[PDB]
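# Commentary on secondary and tertiary structure
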Amino acid sequence: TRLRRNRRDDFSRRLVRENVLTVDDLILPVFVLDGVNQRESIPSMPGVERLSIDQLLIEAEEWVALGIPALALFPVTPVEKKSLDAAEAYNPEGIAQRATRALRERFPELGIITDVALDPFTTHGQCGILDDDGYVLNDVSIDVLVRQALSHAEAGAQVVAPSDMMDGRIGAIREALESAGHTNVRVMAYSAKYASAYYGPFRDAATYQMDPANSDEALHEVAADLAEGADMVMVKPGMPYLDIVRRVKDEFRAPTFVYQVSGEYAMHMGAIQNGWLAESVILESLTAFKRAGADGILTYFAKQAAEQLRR
Amino acid sequence: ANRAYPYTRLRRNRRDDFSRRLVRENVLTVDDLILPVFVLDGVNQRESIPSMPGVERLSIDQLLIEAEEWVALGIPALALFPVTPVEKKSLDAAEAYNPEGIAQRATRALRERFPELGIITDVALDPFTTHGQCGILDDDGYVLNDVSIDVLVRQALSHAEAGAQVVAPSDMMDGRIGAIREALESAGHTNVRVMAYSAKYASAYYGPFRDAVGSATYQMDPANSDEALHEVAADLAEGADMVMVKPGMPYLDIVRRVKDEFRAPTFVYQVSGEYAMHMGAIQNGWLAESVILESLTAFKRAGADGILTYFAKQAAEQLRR
Amino acid sequence: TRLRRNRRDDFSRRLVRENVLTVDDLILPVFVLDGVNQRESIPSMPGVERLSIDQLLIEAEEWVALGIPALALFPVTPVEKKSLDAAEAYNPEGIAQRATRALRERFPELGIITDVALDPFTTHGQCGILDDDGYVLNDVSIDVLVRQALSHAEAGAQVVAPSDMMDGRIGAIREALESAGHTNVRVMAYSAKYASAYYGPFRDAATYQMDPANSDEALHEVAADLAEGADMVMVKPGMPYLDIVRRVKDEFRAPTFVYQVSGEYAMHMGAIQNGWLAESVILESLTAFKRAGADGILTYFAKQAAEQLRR
Amino acid sequence: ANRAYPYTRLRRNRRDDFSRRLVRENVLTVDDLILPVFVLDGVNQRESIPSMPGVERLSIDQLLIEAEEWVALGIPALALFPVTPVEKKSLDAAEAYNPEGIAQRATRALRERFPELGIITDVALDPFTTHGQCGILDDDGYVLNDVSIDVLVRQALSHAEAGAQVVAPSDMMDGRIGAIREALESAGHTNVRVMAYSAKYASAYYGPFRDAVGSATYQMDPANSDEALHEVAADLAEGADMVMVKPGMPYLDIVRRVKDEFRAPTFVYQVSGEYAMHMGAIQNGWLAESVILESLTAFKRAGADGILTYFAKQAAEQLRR
Amino acid sequence: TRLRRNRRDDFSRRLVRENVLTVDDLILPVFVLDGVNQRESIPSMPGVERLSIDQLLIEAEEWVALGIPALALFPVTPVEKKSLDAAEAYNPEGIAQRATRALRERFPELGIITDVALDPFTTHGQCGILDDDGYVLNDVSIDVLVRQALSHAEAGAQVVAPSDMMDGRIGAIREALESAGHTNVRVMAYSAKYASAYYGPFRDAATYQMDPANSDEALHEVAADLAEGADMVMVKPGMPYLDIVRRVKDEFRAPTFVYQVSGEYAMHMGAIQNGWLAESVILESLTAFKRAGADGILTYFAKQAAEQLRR
Amino acid sequence: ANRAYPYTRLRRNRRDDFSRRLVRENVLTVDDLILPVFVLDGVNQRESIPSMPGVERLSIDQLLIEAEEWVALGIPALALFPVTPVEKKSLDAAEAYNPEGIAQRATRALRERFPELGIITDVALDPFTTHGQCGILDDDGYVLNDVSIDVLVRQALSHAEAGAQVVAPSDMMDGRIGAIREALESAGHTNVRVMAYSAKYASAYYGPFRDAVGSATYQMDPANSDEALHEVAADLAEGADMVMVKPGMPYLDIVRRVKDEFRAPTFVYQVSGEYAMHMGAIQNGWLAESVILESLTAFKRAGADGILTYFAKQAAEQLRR
Ligand SMILES: [K+]
Ligand SMILES: [K+]
Ligand SMILES: [K+]
Ligand SMILES: [K+]
Ligand SMILES: [K+]
Ligand SMILES: [K+]
Ligand SMILES: [Mg+2]
Ligand SMILES: [Mg+2]
Ligand SMILES: [Mg+2]
Ligand SMILES: [Mg+2]
Ligand SMILES: [Mg+2]
Ligand SMILES: [Mg+2]
Ligand SMILES: [Zn+2]
Ligand SMILES: [Zn+2]
Ligand SMILES: [Zn+2]
Ligand SMILES: [Zn+2]
Ligand SMILES: [Zn+2]
Ligand SMILES: [Zn+2]
C-alpha cells in the first residue's frame, strides 16, 4: 500500500479526482452604476469595473456566451438617494430594479440574483434602520427588507439574496413572497455571514454579523434559514471560512453557496500582477470551494475562470 | 431541517435551467470513463459481437487506430480483454504469462504509441484454460484458491513488464491482491496500481461477455450487501489502490455503501448485459439515446469515481456537445 | 479468514443470505382500457396488455391466486375525455373509479392503488394545470388532485398514490381524506420521482420532476412527504436509482417502495427474447430492490416472478 | 420525521392484510433454520428426553431416516451433538478425536447420503471428560485455557476429515478460533467454516441439555452486553466465518447489537430450556402453537441470519402451509 | 489479551458487571375482582391470584414492605357490566377506580398505574368501539379512553397507562389531563404493543397491534408518543422483544418500560415446577430486561424477585 | 423527540418517590467500590494521615482486622499502597521485586485469609527510589522510559507470585502494559489482570497522597481530553483488562468519553485530595455527609464500572441502610 501510485500518471490522477469545477458553479457579482455610458475601474479590485445598465447589457453577452449561469447585482447608489428610511431599496426605478427588468428582458435564461439589504441605501451605511441608541432594529428593518424583496420579484428577479443578517428575515420574506403569489422566487440566504476584514474593497466599489471565531453557531444560523424557507444557503466570506462550507454541507445536505469576496479577489489579483503567484491559483482557489462542498460560488473571477474552463 | 411547505417548495430550484445547473449535485465527465476493449490475435481483423450490438473485437493494429479517437475525446484509460485463440488454451493456463500474449503485446503497443493513456490489464485464467473456469481445477471440478494464485502472480508481472500502469485481478480468489502486490513490490514495479474486483457478483448480467471472448462458489450472492463491505475492506487491507463493483447498475446501492464506508477510489463496471439491454432498447426505438448519459450519471451519483463502460466513446462524444 | 468459505456450498450460502424476495413484495401495475372485451398488446413492452375492466377481472383471478398483494391501476384515457381542466380525473364514472369499484367488489382482499395525477387527463399531457406562461401551477393543480384522491377513496381504493411531483400535495390530500372521514386510505407518495428517459414505453401504453444527478435532494423530498402524512414513500424509476432506495431506507426507516418502470421492463424483456440475457435476470433485478432496502416493488414482471417463486 | 397524528396514523398500514404484507419488515424462511440433534451410539435406538418433550436422541441409522424428512422440508443444516457412552469418557478426553466417535461416524454417514445438507460439528470436551467440565482440569478444579485448546484442535481436524462443512467451537476458551483456523489451514481444509460460539452466557436456560446428553469462570455474565461485542470482535479477528449468540430469546438485544456492530453472519441458539418452556406451555394449553413462529420471527427481526432451534422441523412444516 | 481474566473470580466479575437489577425496577401487575373476600387461583399462571379489593389491600402490605415501587391494576369486569359503549371504563364505582381510591388512601407512597383500555368493558372484547363493518374506530374510541383516563386521575392514580394502540391517544389523553388540571398524572404509553400469542394466560385471568416482524415501526410508534406527551414508554411483550427495548432506549434515551406478560410468566413457572429450569431463571429473565435498556419491568414475578433481592 | 411543554412536563416523573425510583438511571452499589489502603511495615502499627482526616496507615496485622469488616460490607477489592521504610529506598529500586516487600507480604496474607477478596497491587518505582521520581533517572534528572520498564516487569511478577489477582501499573511510561502482559503470560500467570492507569493527569489533587506514603513530562496535561482517548486505545491494544482515569471528579468528562468510546471496563480514582476536600468540608459543617454518596453516584453516572475511593467503607455502610 502506497498512495503515490494513483498520482504517478495524469490518467490515474484524472480517474480518482474527487471534485471538478465547471462553469455551472460560477455566479458573477457585478457593480451597477446609475446613468448611461458609465464604466469605472476599481483600484482595490484590478480588472473589475462598475458598469451602467447599458454597458452591463453589452458585457453580459459574453458572460452568457461563456455559460455563466447567473449574476448577483450590487447597485452603486447615488449619495443623494441614501436616507434614514432606506426607501430607495424598494424603489421600482432604483438601479437594481431597472437593471433586473433590463436583463430579464434581454437574456431571459440568465439568472439574476438581487441583493436584499438596506446598507446601500442608508446614509449611515448600517444594514438596517437605527433605534435611538444607534442599534440596528431587527424587525422594523425586516419590514423594509420585505418591501425590497417584493420590488425585486416584481422586476422579474428569479432569486433574492438577503445579505442583512437580521434574525427571522428569511421567513418574513418568504411569507410575503408566498402571499403575493411570487411562488417560485428563490431565496438565497446569506446564513453565515461573518464580521470580516476581507470586505474592504467592496466598500470602495458585530451585533449582527458573526464572530469569525464561531463555527457551531453557523449551523444554528443555517438550520433557521432552511426552516424559514431558503432555497439556498450561503457562507460569506469564502476561503477564510471553507471549514464552515464543509460543515454546513455535511450537516444539512442542502444547496450551499459561498462568496469569494472582494478582498479575496484583490489579494489573489495583486499577487498575480506582482509575479508572486501563478495565474493557476485562480482555478485552485475555486476548486477549493467545490472540494469543501460548495454547489456554487459567487466570484469576481467568474469570467476569467469560465474562459480557462471553456478551453 | 423543519423544512415545510409552503415555506419550502422544492420545485423553485427546478423552475429555470440556471438554478437547476447551480444546484446540480453531480456531473459526469470524460475523466470518469473507462473503455473496455476485446483484443484479437492477428492483423486487419474486426469481428462484430452478436449479443453486443455496435461493439467490435479488434486486432491490435485496429485498436491502435480507434485509440487515436478515444485519446482525442479524452478517455483516460482502456481495460484490455484478450480473445484467446482456442489453441493457446491449456490445462495449466501458461498463455497468461506468455510475453507474446495478446494482452502483453497490445499493452506494449499502446504504451509506446499513446504514453499518457492508461491501460488496465485483466489478471485472470478463465481465458487461458480449456475448461473455462476461473483458475486451475482439482479432480472434483472446483476452483483451487492458492494454486490459481501462483499463476495470477506470474500473469501480473508479465503485464507490468509490458508497461501496464494498472492490473486488475478479476478472479475473486481470496488473498490474491496481497500476493500480487507482494510480487510487484519485490520485483521493483512499485507504481503499478492494483484495481481489485472486490464486490463481483454471480450475475445473469454477464451473458454477452462470454459471447464476446469465446467461453456461485466464488462470486457473490446477489442478495448480499454487507458481505460486499467485508470484501472491499480485505482488498484495501491487502494493498488495492482502487476497488470495483461488478455488475453496475443492478448494484448501485453497493457502489453507494462502498463509497460511503471507505472513501476510497471506487469503480463500477457496466457489464456486457447492461450495455446489450440498453442498446437493444435504443435500436428498437423503445428508449431514447439520452438513457446512455442517464445510466452513467447514476454511477457518479452513487459515488463511483470511474466507470468501465462499452458506451465510453458515445458518452464522450455526447459530453463534448 | 477467507470469504469464499460460506459460498462453497449452497446450504451455507442459503444460511448467510441477507435478503429474500417473496410475493409479498410484488405490486402489479396494470393498464386499463375503457369498453368491454378489449385486450391490446404493447409493442414496447412484450407480454403486457392493456385490458378493459371485464378482462382485468378475469386476469385478476390468477394474480390473486398467485398471492400478489396489490395492483396499481393506470387508466388509458380516451382522447375525447382529456381537457384543459382535467375534470375526468375526478369523474365517478372514469375508468379508474369504475375499475376500483369492480375490483373491490370482486376481490375484497386485493389491494388497489390508484394513480393520483393529472397528466392522463390533460390535452397537453403535463402533470397539472397550466398558467399563461405554460408552467404547471402547483397549488391549483393540487385542488384537482385532491378531488381525484377523494373520488378514488369513494370508489373504495385502499391506497392512493400521488405521482404528480407538486410540492405539498401529500399534506393537502391527507387533510382532505381526513376531513372527509377516509381515515384509513393510505397515501403512497412518489417522493423521489426523477425526470427520466426510462419512462418511454409507459407513454406508448424538469420543473417538477427531479434531476437524475441529485441524491441529497431526494432525502428532503421524502422528509416532507413523511411529515405531511404519507404511509409509504416511493422512488421512481427503479434500478437506475437503487442508491436512492438505499439512502431513503437507511435515513427514514419507513415503508419504502420502488417502481421498476416500463423502460426497465422493456430492456430486460428485449434482451431475454434476443437470447442475450437468461430469464433468471428477472429474479435478480427484483432481488436487487430488496437488497437495496425496498419493502415493495411495482413491477410489470410481478406475475412471471410470482410464478417462479411459487415453484 | 415530524410525523404527527392525525396526518400520520400508523394503523392505516395495518387495516388490511395486503398492506401489512407489503410493509412486513422481516420474514422467517426455512433457510434460517438449523436443527440440533442428539446422536446415540448403536443401532435402532431412540430415547425420549424428559425435560425436552417431543425431542428424541437418535442412533445414526434413525438420524439418516429422519434427515430424509428434514432435507425434503428444506432444512439447510444440522448441528450434531453426540451422546457419549460413559465408558468412553476419560481424563484427557481422547474420544473427541477418535475417528470412530459418534460425531465423526454420523458426519461421514450424512455427508455420503445427503451431500447438500450442512453438518455443523461440536468442538468441545465436556462430553468426553469424566469430570464433565469444559476442558482438561488442573489440580485446583479449574479449566486450563491452552491445554484445553491442544485437544480441541485435534477434534476439529477429525471432524473435517469426516466431511463436516462447519465446525463450531462451543468451549469459550480464548484464542481457540485462531488455533483451529491455523490447524485447518495448514492441514489443507481451507473450506471448513468455523462458527464461533462468541457470546455464550452462564445461563439457567441450559438445564434440559444436560439431561439430553448425560452430564461462570468461562461463560459470560448475563448482566453484560458490551462485553459481548468484545468477544465477537476477537472471534472475527481470529478467523470465524460466523458468530453465535447463546442462549437466544433471553439475549435478543445481544443479537441485535452484534448484527448492528459487525454486519457479519450472525447465529443464535434457542437452547433446550427455551424449547422446553414453550413446548410445556403449548402442552398445558397455556399458549397457542403459533408462539413457535413468533419466537423464531423475533430472531430474524433481531438480525439473526440463522437459528439453531429444536423447533426446526415443526417450524419448517408450518412455513410450508 | 484474554476476556476470561475478569471472569476468573467473583470479585472481578462483580466489578465489571454492567447492569444490576433492583427492586426499584419492579412493577407488580395485579388482577382485581369485584366483591369482598374473593381470591381465585389462575391455572394458566401458577402462584397468581385474582383478588377483591379488601384482599388486595392486605397483600399490598407485604408488597410495600418489600420495596415494590408500584402496582399496575387490571380489573376483572363482571360480565354484566360489559356493553357496546364501554361505559363502565369511566364509572367512578368501577373496580379500577374503587381500587385506586382504596390503595391511594391506605398506602400513599405506593404508585398506582391504571389501565386505560376499552377491551375489559366491551361485550365483543376488542380494544375500542366498533363501526358497522366490525372495525375498531380510532377517534371515537379515544373519546371513551379520555373519560376513562379522567376518572382514573380523579380516583387519585399517579399514572395512567393507555394499552389500547389507538393512534393519537397519548396526545388526546394528555390534552384532557392538562385541561382538567391533572398536571402531574403520568402517562405510561404502551408504544410498541405487538399482536402476540404470549398474551394467552392474561385473557384467562392485527389492525391496531403491531406485527411481530416489525422493528423500525416501533421507533415511529415511540417518537409519536413522546411528542404527544408520554412520560414513559413501554414495549409489550417482553423477552420476545428485547431487541425492541434496546433500540427504543438507544434511540430516544427516555424512561423505557417493558411488560413480561402472562405467557412469559406461565412458560417460566411451568418449566420451574417440572424441574426443567432452576429457579435462578427468574432473576436471569429480569436482568435481561435491564441489560436491554429497560428502566422498569412489569412482571408477575415482582414479589418473588423482590424477596430474592432483599436477601 | 418534539417533546414540548405543556404536553411534556419533566417534573411529572419527579412528583413522587416511586416514579423517581422507577426512572432513576444509575445506582451505586458496593460492587462499584474499591478501597485503597496505605500498608505499613511492622506490627500493631497505625498512623493517622494529617492531610487525609479519618484515614490510617495500617501494618498488615491491622489490615487483616479491618478487612474483616470490609469483606462483610461486601467491598470487592483493595488497592494496596506500601509505605516504604526510607532504608529500603535505593537508586535502582530493587525493593519493588523483593518478595518480603510490604506489598508482597500483605498480598500473601490477604489472599490466604480472605480468598474471595480482590487485591490490586501498585506496579511503580517512585516508592522505592531515593530520588522519589517515577522510574530510574538518567544524568539529566529525567525519567528513562524503557529502563523503568525492566524493573516494573520484575515487580509485576513478584506480585503475581504473591497471589495478586490484579496488577495496576500506575507509572505512565509508554509500552509498559504490553511488556508486563508479555512477562505474565510467558511466566504462566495467564489470569492476572492488568488495570492500566491510562488517563492519569498531572494534577494538584494528589497533594495528600505524598503525605500518606512519605515522598508533567509523563503525566497528562489537564487541558487535554482527546489525548486521553489515544492513551486508553494504546493500553487496550497492549492487553489491559481494565483502564483507569485519575484523578476522578475533576475528570468526569474523561470518564464519560472513555466509556462511550471503548465500552471497556473503566475505573476512576477519587484521589487523596478529592477525599481531603470533601472530608474537611464535612468536618467544618459546610457540607452534609450525603455529598459522599453524591460524589460516588457521579462516577457511576459518568460511566465508571468501579471506583477507587477512600470513602469505600463509609459509602458501603450508608448503602446498607
Ligand atoms: K454546482
Ligand atoms: K472520476
Ligand atoms: K415486503
Ligand atoms: K438466513
Ligand atoms: K429502574
Ligand atoms: K460496577
Ligand atoms: Mg440568521
Ligand atoms: Mg477477496
Ligand atoms: Mg415533494
Ligand atoms: Mg473468545
Ligand atoms: Mg401509537
Ligand atoms: Mg501509556
Ligand atoms: Zn447589509
Ligand atoms: Zn475471471
Ligand atoms: Zn403526472
Ligand atoms: Zn462445551
Ligand atoms: Zn385494549
Ligand atoms: Zn508512580
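So, how was this worked out
Residues numbered from 1 in each chain as written, not as in the entry; some residues may be left out. Chains lettered and ligands numbered in written order. Part of a larger assembly, values for the part shown. Heavy atoms only, no water. Helix = DSSP H or I, 4+ residues; strand = E, 2+ residues; numbered from the N terminus. Rg over C-alpha atoms; globule rule 2.2 N^0.38 Å. Buried < 20%, exposed > 50% of the residue type's maximum accessible area, 1.4 Å probe, protein only. Areas by Shrake-Rupley, 256 points an atom, 1.4 Å probe, with all protein chains shown as cover. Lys, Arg positive; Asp, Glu negative; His and termini not counted. Charge placed at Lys NZ, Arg CZ, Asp CG, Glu CD. Contact = heavy atoms within 4.5 Å. Buried area = accessible area lost by both parts, 1.4 Å probe. Salt bridge = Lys/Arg side-chain N within 4 Å of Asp/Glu carboxyl O. Polar contact = N/O pair within 3.5 Å; in protein donor to acceptor, adjacent residues only side chain to side chain. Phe/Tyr/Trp six-rings, centres within 6.5 Å; stacked < 30°, edge-to-face > 60°. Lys NZ or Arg CZ within 6 Å of the ring centre and 35° of its normal. Pairing = 2+ DSSP bridges. Right-handed = clockwise from strand over helix to strand, strands pointing away. Nonpolar A, V, L, I, M, F, W, Y, C, P; charged D, E, K, R; others polar. Least-squares fit on C-alpha atoms. Core = buried A, V, L, I, M, F, W, Y, C linked by side-chain atoms within 4.5 Å. UniProt positions renumbered as here; feature names shortened; annotations may be inferred. Expected span 1.5 Å × (residues − 1). Bend = angle between axes of the 7 residues up to and from the residue. Axes fitted to C-alpha atoms, helices over the stretch in contact; angles between N-to-C directions. Parallel < 35°, antiparallel > 145°, perpendicular 65-115°, else oblique.

Right, let's get into the overall build of chain B. Summing up its helical and strand segments, chain B has eleven helices and ten strands in all. For chain B, whose C-alpha radius of gyration is 20 Å, the value lies close to the compact-globule estimate of 20 Å for 321 residues. Within chain B, the fraction of its 321 residues that count as buried is 66%. Total accessible area computed for chain B in this model is approximately 10400 Å², and 49% of it derives from carbon and sulfur atoms. Looking at chain B, you have 33 positive and 46 negative side-chain charges, and the mean spots of the two groups are 12 Å apart.

Counting residues at the interface gives four residues for chain B, matched by five residues for chain D. Contact with chain D buries area across many residues of chain B, yet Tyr 142, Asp 226 and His 230 of chain B alone supply 75% of it, more than any other trio. Run the count over chain B and chain D and you get zero salt bridges. Between chain B and chain D we count three residue pairs in polar contact in total.

Before going further, it helps to spend a moment on the packing of aromatic side chains. Per the stated rule, a full pass over the model turns up 60 aromatic pairs over all chains. Judged by centre distance (6.4 Å) and plane angle (45°), the rings of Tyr 190 of chain A and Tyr 259 of chain A are tilted. In this structure, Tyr 190 of chain A and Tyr 259 of chain A share a single accessibility class: buried. Relative to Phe 81 of chain F, the ring of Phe 38 of chain F lies with its centre 6.4 Å away and its plane at 40°, an arrangement referred to as tilted. Of the two residues, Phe 38 of chain F sits in strand β1 (residues 33-40) while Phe 81 of chain F sits in strand β4 (residues 77-82), which places them 43 residues apart along the sequence. Members of the aromatic cluster, connected to one another through ring pairs, are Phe 31, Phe 74, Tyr 190, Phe 202, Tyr 259, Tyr 265, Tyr 300 and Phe 301 of chain A. Above the plane of the ring of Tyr 199 of chain E lies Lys 236 of chain E, whose end atom (NZ or CZ) is 4.8 Å from the centre.

All names here are of chain D. Most of strand β7 (residues 193-200) sits out of view: eight of its eight residues are buried. The sheet contact formed by strand β6 (residues 166-169) and β7 spans two bridges and is parallel. From the neighbouring strand, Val 167 faces β7, where its bridge partner is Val 194. Crossover connection from β6 via helix α5 (residues 176-186) to parallel β7: handedness right-handed. Examined bridge by bridge, β7 and strand β8 (residues 242-246) share five bridges and lie parallel to one another. Residue pairing in the sheet places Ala 199 in a bridge with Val 245 of β8.

Our focus in this paragraph is the interface of chain B and chain C. Each partner contributes to the interface: chain B provides 65 residues, whereas chain C provides 67 residues. Regarding the contact of chain B and chain C, the summed buried area is about 5900 Å², with carbon and sulfur atoms giving 52% of it. Its largest share of buried area at the contact with chain C, chain B owes to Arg 11, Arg 14 and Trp 286 of chain B, together 16% of the area lost on that side. The residue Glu 227 of chain B makes a salt bridge to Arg 7 of chain C at a minimum N-O spacing of 2.7 Å. Linking chain B with chain C are 46 residue pairs in polar contact. The set of elements that each furnish at least two residues to the side of chain B that touches chain C consists of α1 (17-23), α6 (207-213), α7 (226-237), α8 (252-262), α9 (272-283) and α10 (291-302) of chain B. With seven residues, α10 of chain B is the single largest residue contributor to the side of chain B that touches chain C. Across the side of chain B that touches chain C, the residue classes tally to 31 nonpolar, 16 polar and 18 charged.

To continue, consider the relation of the copies chain B and chain D. Relative to chain D, chain B is turned by 90° and slid 0.0 Å along the rotation axis, the superposed coordinates differing by an RMSD of 0.0 Å. Taken together, the rotation angle and the small translation identify this as a four-fold axis. Relative to the rotation axis, the closest C-alpha in chain B is found at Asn 2 of chain B, a distance of 5.6 Å.

This part is about the nonpolar core. By size, the foremost hydrophobic cluster in this structure holds 229 residues, and its most contacted members are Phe 38 and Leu 110 of chain D. With residues near it in sequence (within four places) discarded, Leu 110 of chain D still touches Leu 63, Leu 64, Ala 67, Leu 78, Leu 80, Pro 115, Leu 117 and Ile 119 of chain D. With 228 residues, the next largest nonpolar core counts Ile 177 and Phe 299 of chain B together with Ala 72 and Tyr 198 of chain C among its residues.

Residue and element names in this part refer to chain A. In the numbering used here, UniProt assigns the "active site" feature to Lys 193 and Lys 236. The class for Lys 193 is buried, based on a relative accessible area of 6%. Apart from the residues lying within four places of it in its own chain, the contact partners of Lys 193 are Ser 163, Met 165, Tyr 199, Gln 209, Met 210 and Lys 236. There is a polar contact of 3.5 Å between the side chain of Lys 193 and the backbone oxygen of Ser 163. You can see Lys 236 is positioned in strand β8 (residues 232-236). Taking the relative accessible area as the measure of exposure, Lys 236 reaches 7% and is therefore buried. In contact with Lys 236, not counting residues within four places along its chain, are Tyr 190, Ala 192, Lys 193, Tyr 194, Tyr 199, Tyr 259 and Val 261.

Residue and element names in this part refer to chain D. Helix length check: helix α2 (residues 60-72) (13 residues) gives 18 Å between terminal C-alpha atoms against 18 Å at 1.5 Å per residue, within 8%. The largest bend in α2 comes to about 25°, at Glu 66. When α2 is considered as a whole, its buried residues turn out to be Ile 60, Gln 62, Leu 63, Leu 64, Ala 67 and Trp 70. On its buried face, α2 is in contact with β1 (33-40), β2 (46-48), β3 (56-59), β4 (77-82), α3 (102-113) and α11 (312-319). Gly 74 sits one or two residues past α2 and shows a positive phi near 90°.

Within this structure, the stated rule accounts for 129 salt bridges over all chains. Sharing partners across several salt bridges, the network here consists of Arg 174, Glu 178 and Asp 231 of chain A, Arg 9 and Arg 12 of chain B together with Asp 139 of chain C.

Turning our eyes to something else, we now look at the side chain of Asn 13 of chain B. Looking at the element boundaries, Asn 13 of chain B is found in the segment before α1. Discounting residues that sit within four places of it in the chain, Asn 13 of chain B has contacts with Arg 186, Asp 231, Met 232 and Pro 255 of chain A together with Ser 19, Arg 20 and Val 23 of chain B.

Attention now moves to the environment of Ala 213 of chain E. For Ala 213 of chain E, the position within the fold is in the loop between α6 (200-204) and α7 (216-227). For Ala 213 of chain E, a relative accessible area of 2% corresponds to the buried category. Sequence separation between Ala 213 of chain E and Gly 229 of chain E is 16 residues; the distance between their C-alpha atoms is 27 Å. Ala 213 of chain E has contacts with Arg 24, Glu 25, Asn 26, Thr 297 and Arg 301 of chain D, leaving out every residue within four places of it along the chain.

What follows covers the arrangement of the chains. Between chain A and chain E there is no contact, and the shortest C-alpha to C-alpha separation is 19 Å. Regarding chain A and chain F, the two do not touch, and the least distance separating their C-alpha atoms is 15 Å.

Let us look at the packing of α8 of chain B against α10 of chain B. Geometry of a packed helix pair, given as the angle between the helix axes and the separation of the axes. Residues and elements named next belong to chain B. One can describe the packing of α8 onto α10 by two numbers: an axis separation of 8 Å at closest approach and a directional angle of 30°. One way to sum up the angle between α8 and α10 is to call them roughly parallel. Residues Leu 252, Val 255 and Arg 256 of α8 lie in contact with α10, whose contacting residues are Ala 298, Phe 299, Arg 301 and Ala 302.

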